[PDB]
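A single chain comes next, written as structure tokens; it is the form solved without nicotinamide-adenine-dinucleotide (NAD).
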């Protein structure tokens, strides 16, 4: 049998606020594999919520940081450097779009809402990748989350679809720029884990079912682990084959 032993490896998981999320599933698999995890949380008032996530994982180091504040991101990574000495994996599970932008039509998106969605959902990957670069050890990597709406029109996804398109293009450019130092950058396009798409996916996908957060966690583990050492700049789909359907 094969064994994936990530003991000694260090991971920073961002944008997670609940145990029922893609970001937490990846963190859980990373911990199961033996890696030590650090979780960022947006504001001090969210510390207790983060603490519960840390406990659910069986232990994790916490750091406060709002991804829209460069000063706080600097603090976060100085903190990660001091506590871990370096970094191996970075899980980017940050995503946000104002409610106003998500209600209605994409064409009606307000300037401020559009920019905030792009800033938090796409630019944040750039912001953290740059600060993680000095800490990332050879064989390390960054993995983010995306969705099919980035390439095809999925009604009611609006600016998030555009943000994910920006995120995926960012993944390619970051893979190119961080690749020479042995750091890989990939995106995971997950299927649904609303009821509109969710139910239709189970009916139309080749596997005739929706994926689970564990299946995303498993792909995240694979992509970050040395087993995926030759894979970078990729957008890998774990959607039960839904996206290949016409």
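So that the term is clear: the rigid core is the largest set of C-alpha atoms that superpose within 1.5 Å between two forms. Residue numbers count along the first chain shown, from 1.
The following text describes the form deposited with nicotinamide-adenine-dinucleotide (NAD) bound, which does not appear among the structures shown.
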Looking at 123, 106, 114, 96, which has any heavy atom no more than 4.5 Å from nicotinamide-adenine-dinucleotide (NAD) in the bound PDB entry?
-> 96
From 57, 65, 35, 205: within 4.5 Å of nicotinamide-adenine-dinucleotide (NAD) in the bound PDB entry by heavy atoms is 65
Counting only non-hydrogen atoms and a 4.5 angstroms cut-off, does residue 225 reach nicotinamide-adenine-dinucleotide (NAD) in the bound PDB entry?
-> no
Looking at the partner-bound form in the bound PDB entry, is residue 16 within 4.5 Å of nicotinamide-adenine-dinucleotide (NAD) by any heavy atom?
-> yes
Is residue 145 a contact residue for nicotinamide-adenine-dinucleotide (NAD) in the bound PDB entry, using a 4.5 Å heavy atom cut-off?
-> yes
With the cut-off set at 4.5 Å between non-hydrogen atoms, does residue 61 touch nicotinamide-adenine-dinucleotide (NAD) in the bound PDB entry?
-> no
Can you say which of 168-176, 76-84, 132-140, 145-153 gets within 4.5 Å of nicotinamide-adenine-dinucleotide (NAD) in the bound PDB entry, counting heavy atoms only?
-> 145-153
In the bound PDB entry, which residues of 33-49 put a heavy atom within 4.5 Å of nicotinamide-adenine-dinucleotide (NAD)?
-> 42, 46
With both forms fit on the core, has residue 43 moved 2 Å or more by CA between the shown form and the other one?
-> yes
